[PDB]
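Comments concern the structure below.
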Amino acid sequence: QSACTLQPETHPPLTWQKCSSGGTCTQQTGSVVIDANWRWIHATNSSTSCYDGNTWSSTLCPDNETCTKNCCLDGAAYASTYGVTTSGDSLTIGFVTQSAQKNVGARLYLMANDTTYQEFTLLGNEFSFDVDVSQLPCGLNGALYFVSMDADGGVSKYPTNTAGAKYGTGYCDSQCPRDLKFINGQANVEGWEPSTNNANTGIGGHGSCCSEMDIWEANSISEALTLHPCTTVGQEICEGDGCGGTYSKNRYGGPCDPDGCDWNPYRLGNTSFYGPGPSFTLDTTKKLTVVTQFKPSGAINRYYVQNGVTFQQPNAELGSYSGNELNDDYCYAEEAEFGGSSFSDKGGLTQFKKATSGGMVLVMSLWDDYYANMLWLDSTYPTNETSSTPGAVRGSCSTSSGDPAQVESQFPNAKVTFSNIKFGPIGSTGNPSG
Ligand SMILES: *[C@@H]1O[C@H](CO)[C@@H](O)[C@H](O)[C@H]1NC(C)=O
Ligand SMILES: *[C@@H]1O[C@H](CO)[C@@H](O)[C@H](O)[C@H]1NC(C)=O
Ligand SMILES: *[C@@H]1O[C@H](CO)[C@@H](O)[C@H](O)[C@H]1NC(C)=O
């Protein structure tokens, strides 16, 4: 895509802290940018839309190539259109923002500068953030995660992408998403079909795959961390059934693991660790700190901080596994007890370590789920089962919760706040903020 400038693009600022093992942290000045899919796409030389509702212009976008020629991405009014605002080290995303049109949620990337996403090498380092999920009911997900995107959002690889990271291009994840309007410098017009239940979205012929580290998939009721390896580490186009994921004859037919090896303390049998009010170890009505450590072996350690108390990830027992570190033994035991071989089939932690050894881009988002009502996160899934099937219960939300129309209507003012991001060698982020 090219970029037009009826709405000049200025990214909201966000400070964060970079820490050293020698005991110090110092302030970094970043900023956030909204993903291309949330942007107005119009004719390069007028206000006529190329994409409107959930379908492309037949006159302007007959094929991928003509569409990319005729059309452009424009800038975002972050606060007034998208309900995205920042203050110091704090970022808030509103759920439903009503302007001239209704906007639902957002997906944002942390930038190093105006034209470059911030790349983090996670392996051997730790990532800490604060989060307030108190305004997130069943069905919502304030996600913080990492994907193997290119720093320039694909500019050096695709001559017809001139918008780049400045306009939030280059998204990929382990779902190999086909709902993207631009992939690899080109419009996803060919094979586009409008969603049957979403007035604003659809599915194209092509998708965009890469490695995904889900640090935080969470609302006030449930939280999970999930690792998704792919056979090609970085961003790659896929076509149709080649994409696997949600849309394909074979969910598992693509280069990525869509399921992931997950750790949800509730799903694992600890139902008093995380929830709203004083009866939980972590009280979700209040801000909490989440720290994630990437052991050089490829294992993962997790701790939390609330009201100045440090809580380890609760010990879990599963098959032959016992402990609180996400390692090879945990992920094998999870498949053994809960079923599936997707994670292992795609190379497991060894493959995933290839992603964490390179750069990954930080993503912060807020969404509802038009495919599965977020039930896989916070409820019983699939819904025909009870807690008799191991792994089926992931949270205490009713199986009739999370319908998008319902939550968009009842909780339009829901929101997530991410703040106080800190990154450095393992053991370093507890150091005094700069
Ligand atoms: C932003 O960072 C990129 C990536 O190295 C660099 O090439 C570019 O010159 C930078 N822009 C500015 C204004 O510093
Ligand atoms: C669009 O179509 C062309 C040629 O048919 C294809 O090579 C390209 O990868 C497609 N791009 C997208 C984003 O779907
Ligand atoms: C849940 O985790 C908390 C905090 O670590 C712990 O005190 C408690 O014993 C755990 N409960 C179960 C059922 O394992």
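Each chain in the structure tokens gets a letter, A, B and so on, in the order shown; residues start at 1 in every chain, and ligands are counted from 1 in the order they appear.
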
Review point. Counting only C-alpha atoms and all ligand atoms, which protein, DNA or RNA residues come within 9 Å of ligand 3, given as a ChimeraX atom specification?
Key: /A:265-266,268-274,280-282,311-317

Go ahead and save the picked residues with C-alpha atoms, as a PDB file, in the first residue's frame.
ATOM      1  CA  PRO A 265      -3.677 -21.424  35.921  1.00  0.00           C
ATOM      2  CA  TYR A 266      -7.460 -21.875  36.150  1.00  0.00           C
ATOM      3  CA  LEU A 268      -4.805 -26.236  35.337  1.00  0.00           C
ATOM      4  CA  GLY A 269      -6.916 -26.515  38.503  1.00  0.00           C
ATOM      5  CA  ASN A 270      -6.125 -23.406  40.528  1.00  0.00           C
ATOM      6  CA  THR A 271      -9.437 -21.559  40.678  1.00  0.00           C
ATOM      7  CA  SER A 272      -8.527 -19.062  43.454  1.00  0.00           C
ATOM      8  CA  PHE A 273      -5.312 -17.556  41.996  1.00  0.00           C
ATOM      9  CA  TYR A 274      -6.745 -14.873  39.633  1.00  0.00           C
ATOM     10  CA  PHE A 280      -8.317 -14.336  44.850  1.00  0.00           C
ATOM     11  CA  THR A 281      -4.532 -14.244  45.259  1.00  0.00           C
ATOM     12  CA  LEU A 282      -4.400 -11.710  42.423  1.00  0.00           C
ATOM     13  CA  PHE A 311       3.695 -14.251  43.526  1.00  0.00           C
ATOM     14  CA  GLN A 312       5.261 -17.105  41.528  1.00  0.00           C
ATOM     15  CA  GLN A 313       3.278 -18.895  38.854  1.00  0.00           C
ATOM     16  CA  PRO A 314       1.359 -21.531  40.924  1.00  0.00           C
ATOM     17  CA  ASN A 315       2.753 -25.087  40.747  1.00  0.00           C
ATOM     18  CA  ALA A 316       0.720 -27.390  38.484  1.00  0.00           C
ATOM     19  CA  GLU A 317       0.632 -31.199  38.208  1.00  0.00           C
TER      20      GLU A 317
END

Practice item. Could I get the residue neighbourhood of ligand 2 at 7 Å, counting only C-alpha atoms and all ligand atoms, as a list in words? Key: residues 63, 64, 65, 182, 183, 184, 185, 186, 187, 188, 189, 190, 204, 205 and 206 of chain A

List every residue of chain A that has an atom at most 10 Å from any atom of ligand 1, and for each one report the closest atom pair and its distance in Å to one decimal, counting only C-alpha atoms and all ligand atoms, with rows sorted by chain and then by increasing residue number, as a tab-separated table.
residue	atom	partner	partner_atom_place_in_ligand_line	distance
A:111	CA	ligand 1	1 (C)	9.4
A:112	CA	ligand 1	2 (O)	6.9
A:113	CA	ligand 1	1 (C)	5.0
A:114	CA	ligand 1	1 (C)	6.4
A:115	CA	ligand 1	1 (C)	5.7
A:116	CA	ligand 1	2 (O)	5.5
A:117	CA	ligand 1	2 (O)	8.6
A:118	CA	ligand 1	2 (O)	9.3
A:151	CA	ligand 1	4 (C)	7.7
A:152	CA	ligand 1	4 (C)	7.5

Exercise for review: Could you jot down the CA of residue 142 (chain A) to CA of residue 78 (chain A) separation for me, Å, one decimal place?
Suggested key: 17.4 Å

Near-region 135-138 of chain A list (7 Å; only C-alpha atoms; drop same-chain fewer than 6 positions) as a PDB file with C-alpha atoms, in the first residue's frame:
ATOM      1  CA  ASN A 219      -9.812 -10.210  31.089  1.00  0.00           C
ATOM      2  CA  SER A 220     -10.951  -9.778  34.713  1.00  0.00           C
ATOM      3  CA  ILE A 221     -11.869 -13.489  34.899  1.00  0.00           C
ATOM      4  CA  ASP A 378     -12.650 -17.835  30.022  1.00  0.00           C
ATOM      5  CA  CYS A 397     -17.712 -17.481  32.416  1.00  0.00           C
ATOM      6  CA  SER A 401     -21.141 -15.193  27.392  1.00  0.00           C
ATOM      7  CA  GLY A 402     -18.997 -13.238  24.919  1.00  0.00           C
ATOM      8  CA  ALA A 414     -14.930  -1.394  28.667  1.00  0.00           C
ATOM      9  CA  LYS A 415     -11.195  -0.647  28.337  1.00  0.00           C
ATOM     10  CA  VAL A 416      -7.708  -1.983  29.093  1.00  0.00           C
TER      11      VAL A 416
END

Practice item. Extract the full set of helix (DSSP H, G or I) residues from region 122-171 of chain A according to DSSP on the backbone, and format it as a PyMOL selection string. Key: chain A and resi 164-167

Point to revise | Length of the CA of residue 275 (chain A) to CA of residue 107 (chain A) vector [Å] | key: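 Between these atoms lies a distance of 24.8 Å.
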
Point to revise | Atom-to-atom span, CA of residue 241 (chain A) and CA of residue 257 (chain A), Å | key: 14.2 Å

Review point. If we count only C-alpha atoms, what is near residue 66 (chain A) at a cut-off of 12 Å, once residues fewer than 4 positions away on the same chain are taken out, given as number ranges by chain?
Key: A: 1, 43-44, 50, 56-62, 70-72, 160, 186-190

Review point. Out of region 293-431 of chain A, which residues get strand (DSSP E) from DSSP, as number ranges by chain?
Key: A: 293-294, 300-306, 309-312, 316-318, 321-323, 359-367, 415-425

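Considering only C-alpha atoms, the residue among A:294, A:171, A:95, A:216 positioned nearest to residue 409 (chain A) is A:95.
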
Check your understanding: Any idea what's packed within 8 Å of residue 327 (chain A), counting only C-alpha atoms, ignoring anything in its chain fewer than 2 positions away? Could you give it as a PyMOL selection string?
Key -> chain A and resi 298-300+325+329-331+349

Using N, CA, C and O atoms, can you write the selected residues to a file as a PDB file, in the first residue's frame?
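Here's the written file selection_18.pdb:
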ATOM      1  N   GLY A 298      15.233 -22.071  26.687  1.00  0.00           N
ATOM      2  CA  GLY A 298      13.965 -22.041  25.954  1.00  0.00           C
ATOM      3  C   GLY A 298      12.745 -22.213  26.841  1.00  0.00           C
ATOM      4  O   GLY A 298      11.612 -22.078  26.375  1.00  0.00           O
ATOM      5  N   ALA A 299      12.970 -22.498  28.119  1.00  0.00           N
ATOM      6  CA  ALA A 299      11.874 -22.571  29.083  1.00  0.00           C
ATOM      7  C   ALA A 299      11.379 -21.168  29.448  1.00  0.00           C
ATOM      8  O   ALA A 299      12.063 -20.177  29.178  1.00  0.00           O
ATOM      9  N   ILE A 300      10.198 -21.101  30.062  1.00  0.00           N
ATOM     10  CA  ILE A 300       9.632 -19.826  30.496  1.00  0.00           C
ATOM     11  C   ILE A 300       9.212 -19.821  31.976  1.00  0.00           C
ATOM     12  O   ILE A 300       8.540 -20.737  32.458  1.00  0.00           O
ATOM     13  N   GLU A 325       7.231 -23.955  35.736  1.00  0.00           N
ATOM     14  CA  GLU A 325       7.971 -23.446  34.612  1.00  0.00           C
ATOM     15  C   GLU A 325       7.408 -24.054  33.336  1.00  0.00           C
ATOM     16  O   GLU A 325       7.221 -25.286  33.240  1.00  0.00           O
ATOM     17  N   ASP A 329       8.678 -30.561  29.140  1.00  0.00           N
ATOM     18  CA  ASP A 329       7.907 -31.509  29.913  1.00  0.00           C
ATOM     19  C   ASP A 329       6.502 -31.012  30.161  1.00  0.00           C
ATOM     20  O   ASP A 329       5.548 -31.791  30.108  1.00  0.00           O
ATOM     21  N   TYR A 330       6.353 -29.722  30.443  1.00  0.00           N
ATOM     22  CA  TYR A 330       5.001 -29.222  30.578  1.00  0.00           C
ATOM     23  C   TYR A 330       4.217 -29.389  29.258  1.00  0.00           C
ATOM     24  O   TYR A 330       3.088 -29.880  29.273  1.00  0.00           O
ATOM     25  N   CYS A 331       4.810 -28.974  28.134  1.00  0.00           N
ATOM     26  CA  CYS A 331       4.062 -28.949  26.874  1.00  0.00           C
ATOM     27  C   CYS A 331       3.722 -30.356  26.368  1.00  0.00           C
ATOM     28  O   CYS A 331       2.682 -30.567  25.751  1.00  0.00           O
ATOM     29  N   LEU A 349       9.202 -26.164  21.619  1.00  0.00           N
ATOM     30  CA  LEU A 349      10.005 -25.083  22.196  1.00  0.00           C
ATOM     31  C   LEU A 349      11.320 -24.832  21.467  1.00  0.00           C
ATOM     32  O   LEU A 349      11.803 -23.683  21.404  1.00  0.00           O
TER      33      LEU A 349
END
